[PDB]
Structures are given as structure tokens and as C-alpha cells.
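Included below are C-alpha cells for two forms of one protein chain, each presented in isolation as structure 1 and structure 2.
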Structure 1
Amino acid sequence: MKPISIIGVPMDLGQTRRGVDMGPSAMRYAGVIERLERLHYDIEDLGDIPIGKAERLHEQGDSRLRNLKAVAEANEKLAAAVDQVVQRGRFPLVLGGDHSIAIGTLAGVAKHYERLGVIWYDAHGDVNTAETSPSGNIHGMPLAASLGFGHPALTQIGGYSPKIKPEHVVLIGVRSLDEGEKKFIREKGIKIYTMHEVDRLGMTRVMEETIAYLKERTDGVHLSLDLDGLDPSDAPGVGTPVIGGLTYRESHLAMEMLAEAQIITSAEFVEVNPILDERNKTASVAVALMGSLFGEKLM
């Protein structure tokens, strides 16, 4: 198996902080390195991408895009870092705060694939644009931006766009969308398994369908896992908790299936928030999930 390179991006740049910047530190504390070493991986921790400060009481920036400069600049550096990791033939594993970092991760990865697919495991769709976002928070726009729909500053990160096509994205666990997002998912024809579908189909079927779909049409698959995809009972420490989510068992099963499938070529675990967490529980859950993603088997 190829070596892994961890990159942490302690970003918490929404209009107001959510504590997710501490995510990387918490997951490191939970033992992500050690967990992966036990699985016999050659893994390195490149450290963290530097993040600019958020907008003070009065600074320059776009109303419709909170902390656009800092967000874009951080993502530009991440894109470079991720690109290099891939260049070196290593698997990039990005740990983060804001899901906004998916813009940077996909920017560095996508250029290396003809048809890169994406499994967006999240409670939210993240397909807002400056036009549709009620808040202007870029963390609610990473998927749209990566599809080539968003502010120029975000869609062009890495020097190109789009990074992926809508037919190569599969949303899982979604249970919170803005009307514009519903319209977007709908009009762009993005495959999506809302909690409703998981309830009616069961995670095993959802995963089999997802894996088969992407496998038959992509040459690499990126897993963008937002911990809030899980229910707050299992993952209390997240930036924006939403009730009615995926259980740890469903998520653990999903990771094992992806592992077996061997389709994931890059991944990122984001939005861990120590402020709402209980004794680093969520960070530990993230690490266990990474463990399964990377081959850990119960027998």
C-alpha cells in the first residue's frame, strides 16, 4: 500500500467561530498517527497549513463571503501541499476544521485524475453560493465551489475548474439543506442519499450502490467526511450538529466497505469541534473511522 501524509488545516473562518479549528489537534490527541502505524503504514504528519486571522470589527472583505481572503489563501496553500503529496505517490489525509478546506484538498487532488469521484458524507449539502447562502459562510459552499459554481476566488483555487463533475459526486447523510441547495442538487443532478433513503434502504445497500456507481465511472475517489454526518449522540463535538444522523455503526460499516472496495484515493475528516465534545469522544470516533477506512478489520 502507498504511504500516507497527514495535513492538518486548523480553519474556523465562518462569520463567527465554531471551535472546529481545534479539530486536527483533537484527532492527533485521539491517536490518528499511532492507529495508522499499527496497520503498518508508512505515514507522516506534515503539520498544519497556516491560517490567516478572521475579519476584525472592521476589515476589507466581501459581505457575501465571510473571510474570503484568508479562506482562499489557506486553501491555495493546502492545494499545493496536497498536490505534492500526490506527486510523491502518497495518500493525502487532510484533517480539519471548516469543511471549506475541501476546496483546497480537491484542488490538489483532482488535477491528477481524469474522472475524480467524491463521496460527500455530511449532514449538509455544502452547495451554497454567495448568491444562495443565507450566512455567507464559505464552509457551506465547498462542494458547489469545487463543481465550478461559486465565487471566482473559490472556484479557481489551484488554477483550474471545475475539479469534479456532478455525475461523480454522491452525497450521504444529508438532512439539512437551504432551498437553493435543494434546487442546486436537483438541477445539477447530484446523487444523494438523505437520511430518508438510509432509513428505507439501510447503509449496506446505500454503500453498495454508491461504491458501484462511482467505481463504474471514475479513476479515483475522494472521501470528504464531515463528522456532523453522524448523529450528535455519537459525534457531539462538531461545528454544526444536526439531529437525526448516521450512527457510528453505520459509519463504521461504511468505512469497512470502502476499505474492501479499494476505491478511496484521498480523504479528509473535518469539522471536529472540541468545545461541544465529551472527553474527546468525537475525535476518537474520527480515528476509529480512519482506522476502518485504512484496513482495520474486526476479525
Structure 2
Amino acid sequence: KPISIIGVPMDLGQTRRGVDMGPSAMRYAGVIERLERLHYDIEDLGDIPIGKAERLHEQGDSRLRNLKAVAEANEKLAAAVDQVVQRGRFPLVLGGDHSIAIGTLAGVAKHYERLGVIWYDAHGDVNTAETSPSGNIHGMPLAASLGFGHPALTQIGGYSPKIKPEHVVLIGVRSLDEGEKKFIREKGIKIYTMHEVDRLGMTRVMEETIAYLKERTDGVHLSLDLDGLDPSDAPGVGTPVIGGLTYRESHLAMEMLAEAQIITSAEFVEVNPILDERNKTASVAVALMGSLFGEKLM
């Protein structure tokens, strides 16, 4: 299927400057060339225009920083993603902080009966204004997409929820807020923390994940946050957490997904050039995209 790249230079879902440079860092790491090589009809649709954050004092509220700007940008993203899907192309979204998942999922989900999601990350991203210890929307996209959160975020695209809890698989988690542990537990979301990765190995984790979703969804969205990988492998992220997934485990994960042919949409987020060591993180993301799209060693 042809691919359309949409850059979302988003940094409103958080407070550290630099993550808005993620889309072009990956471009500069050679994302187009890498995929053309695999014989893809790749198209770069450019970047979604992101506004300037409204003063904290007139925004949606403290627990939801930049609510309106984040919401607006996500609306635009959702429209772009929708069009791409309508054109029969695979939407490959580049971030940008994780709050963009709200827009991506909004543009995609409506096209599937039962959309599944693989959240490759160090965090669960299932906070709400109530549970968030930061007020940063980049830590709420999964919860919002499940229909839990401020309506300005849960209603992006004019519908909700985008996916069901039983259709989500979290992988690589190692940093959950108390509220989130409760949410995951209560909503019954399938999760493989680093404990399971270390205990079962990435091969079993991926095998179980693929089987689980293939068995109950009609499309699967890969929402990959680079902080899911260990900071030594992906140093350029806003909220790094040690003891993460290795460079090799991540390639095995992408290769298995490619092999399974279940990924129908994808986004690579949280790449921050300003916190990186010579674009290493954007490079990992591009290499991972290569594997996901079929690049093989033999």
C-alpha cells in the first residue's frame, strides 16, 4: 500500500522545547529514502500547522495545559489522516509529542470495525486531568482515545471512543503513575511491562501480542514512542526512563509485525533532536520504520 507521511511538529502536549523538531530530524535521518529503497510509493504531505499555546490563565485548565491549541492541532491532524486513509494510502505520522496520537487515532479509527492498538512505550499515556501529575496532555492520548478525558480531546473527529480497551496492547512499560495503574487494571488493558519482556523475552511478547490482536481486530495501529527504548539507545526523548527495550529487541518487534502484516497505520513520536546525541534517536526511528515496512537482513 502506498505511504503518506504527515509531520506533526507538536510540543504543546508537554513543556520541554525541541520535540517539535522531531518530524524533520527523522526526515533528515532519511525516512523517505529508506522507504523508497523498499520500492514504496512514498509521499510526504508536509507538516500540520500547530498554533501558539494560549496563556495558561485563559486555557481549558491547569490539569490540561494548552488544551485548545492541542485540540485544534489534533483536529487538523485527524482530517489529514482521514483523507490519506480515504485515498487508500497508509498514514505514517511523525511527531512531535505523544498527544498527536489523539489526532492520528481520530483519523484512522472511524475506518475500522475494531481497530487494535500497540502502544510501544515506557509510559501508559492513560492519564486524565484528574490523575495527571503534570497537566501535560502528552501523557493522556491513550486514555482520551479510549473515551476517557476532557471532551475537547475525546471528541476529536466528532466521535468517541476511537478504540476499545480489549483491543490495546502496551509494550515496554516501566513508568506508570498510580492513577494509570488503576486505569489499566480496571479497564482491562493488555500490558507487557519490562518485567514480562525480561521474563518472557521479546519473541514471546510479540507472538502473543500479534495473535491476540489478529484474533479480534480488523486493523492495527502502531503508536511507537521512542522513549520505549532504553535512553542509551534513544537518548533524545523528553521523559527518558532507564531499563528499557534494546535496539535489537525493537528491530525484532518491527520485523515480526511486518511479517504478520497486521499494521494498518503508524506513528513515531517523542523524537527530540535537542536532547539527542547527533540525531541518534531520529536515526533509530528511521531504521525501525525500515524494519516495519518490510526491510529484511536476508
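Take the two forms, superpose them, and find the largest set of C-alpha atoms that agree within 1.5 Å; that set is the rigid core. Please note that residue numbering is based on structure 1, beginning with 1 at the start of its sequence.
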Listing 260, 34, 59, 42 as candidates, which single one shows a C-alpha movement of 2 Å or greater between the two structures when the core is held fixed? 59
Where the core is superposed, what shift in Å does the CA of residue 17 undergo between the two structures? 2.3
Using a rigid core fit, what is the CA shift at residue 276 between the two structures, in angstrom? 1.5
